[PDB]
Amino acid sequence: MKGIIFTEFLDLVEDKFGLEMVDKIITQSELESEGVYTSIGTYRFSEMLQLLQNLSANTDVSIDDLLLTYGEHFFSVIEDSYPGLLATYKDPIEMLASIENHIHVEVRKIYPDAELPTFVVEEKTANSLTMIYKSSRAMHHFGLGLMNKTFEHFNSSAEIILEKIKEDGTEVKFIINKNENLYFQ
């Protein structure tokens, strides 16, 4: 895992739960880095899993909801760091169907040591998209938060249903349906 994921996450923990919680989940965790990360650094995901599990136990917020909130926050990091890559797309469904064969291809050029999930499109229309998410890190809700903000970026919204094919969240079917445009709301 790249260090930018660690630094932005602990920034969000400090922003939402306080600096003492940042020190707490770091103290409860070991952690070859010992809690010191750099943006271009490469660290084991087991470090992040410890940080998430300890934060969830301390705050009583599920890892699902913590990763969802973080995934939504990380879209703003994408907005401010790669606006040209984001400006390539004009439709949220087309962008999400382009994560595997374009977006994360560019990410591997940024970070050659990147450890990324796989997204496989099984069905796609103009307002629907079904993809299979596969990753040993089971960060489906991190991707869900990024998907939520992808639709928000294009002034849209979507119902996104997650079906865990493997119970540990390492294979998840995403059923994305752009919402009814309630034009008379």
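The numbering used is simple: start at 1 and walk along the sequence shown.
Quiz item: Comparing 75-83 with 93-101, which has the greater mean CA B-factor as deposited?
Solution: The deposited B-factors put 75-83 ahead on the C-alpha mean.
Quiz item: If you average the Cα B factors in the entry, which is higher, 20-28 or 158-166?
Solution: Taking the mean B-factor of the alpha carbons in each, 20-28 is higher.
Self-check item: Identity of residue with top Cα B-factor, from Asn148, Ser136, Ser56, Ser39
Solution: Answer, based on the entry's C-alpha B-factors: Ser39.
Practice problem: Could you look up the Cα B-factor of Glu152 in the entry and say which third of the chain it sits in: lowest, middle or highest? | Solution: Middle third - that is where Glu152 ends up once the chain's C-alpha B-factors are sorted.
Quiz item: Going by what the PDB entry lists, where does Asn127 fall on CA B-factor within its chain: lowest, middle or highest third?
Solution: Middle third of the chain for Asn127's C-alpha B-factor.
Quiz item: Which third of the chain holds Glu34 when residues are ordered by C-alpha B factor: lowest, middle or highest?
Solution: Highest third - that is where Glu34 ends up once the chain's C-alpha B-factors are sorted.
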